[PDB]
């Protein structure tokens, strides 16, 4: 029997456009959907279904096979009561603590469970033709679709059974599921961890379900960094108070009053000014201050998570996850044949998975790129089964270096 799904009140189906796709991604999708049709997972549909969700094709994580990825972001927002304030999956505080965390695809589980007859239509997607020569091929799901956050919420009960054994016998292994994936944490030796993950896929395999190694406890600081130099210049100090003055009001108890005094009247920038010691007691008081966390910054389960990324150069990208600006829950960097978009794409996924590991939810990305460029390109480098929320922006000159 099926579970009854109902769109959040006062709203209805997604009417999201289909981005145009290339010939190769189109055949890849045509083939795939024919098989899913034979296997009866998705059935063709009529004009009478106004709904629509984009669909694309990816080549997974270092794979030669084409995977079809469905952009259910709109739909997930419209059914959010169901999968969150109803059939919610509690997130394990433990997970971020493990020396090792493996991520396993569990998305094929859904293909068993049927999708409530009344909800199906919401799942429409189109396989567009080239040069609009023909009508796109329209489909609708008959089973739990992967990418829809209703699936795990529903499937939750059947995963509990699938996992009760492994759990009874491994009380210190943390098992989390965020959408299509399973996150398995353990403090075991790596060989031991790998062995249990394998022992885990055996269990999974008896129910039909057919890793990728994270090291949470090793995710550290991106402490704002002040330079150490012999011979300063008006510039560096100017730049010094600049960065310094900015880190304050975000870093509780900074100090510059000394430094400023070295910069008095109007001298050239190229001017070397030695340092007084009290001023040095300042870099240190501050420098020391920077190594240590924020204080007063706590994740608010009810608030959205934000991630901003700054292009630093030479394959380096910096980023910060926060809920209130300058109230960073987390900062870091990502470093690299890899163009800017390829790199930015990979940053976006890395951060997103950390985000999932720690808080159990994805951040809304503020990407330093053109909506267009990004829109046309990302799917070339995309390999996750989820897609986070994104918005485009222009980095504020000062932010890039204050973060360098």
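Residue numbers count along the first chain shown, from 1.
According to the PDB entry, the deposited sequence contains 4 to 9 residues between residue 336 and residue 337 that lack coordinates. The deposited sequence places no unmodelled residues between residue 245 and residue 246, so the chain runs continuously there.
The question of which stretch, 151-159 or 260-268, has the higher mean Cα B factor is settled in favour of 260-268.
In this entry, 63-71 has the higher mean Cα B-factor, the comparison being between 63-71 and 345-353.
The maximum CA B-factor among the listed residues 307, 95, 197, 275, taken from the PDB record, is found at 275. Highest CA B-factor among 86, 316, 140, 100, as stated in the entry: 86. In the deposited entry, the Cα temperature factor of residue 110 places it in the middle third of its chain's modelled residues. For residue 287, the recorded CA temperature factor ranks within the highest third of the chain's modelled residues. Placement of the Cα temperature factor of residue 127 within the chain: lowest third of the modelled residues, per the deposited record. Compared with the other modelled residues of the chain, the Cα B-factor recorded for residue 388 ranks in the lowest third. Annotation for residue 295: C-alpha temperature factor in the highest third relative to the rest of the modelled chain, per the entry.
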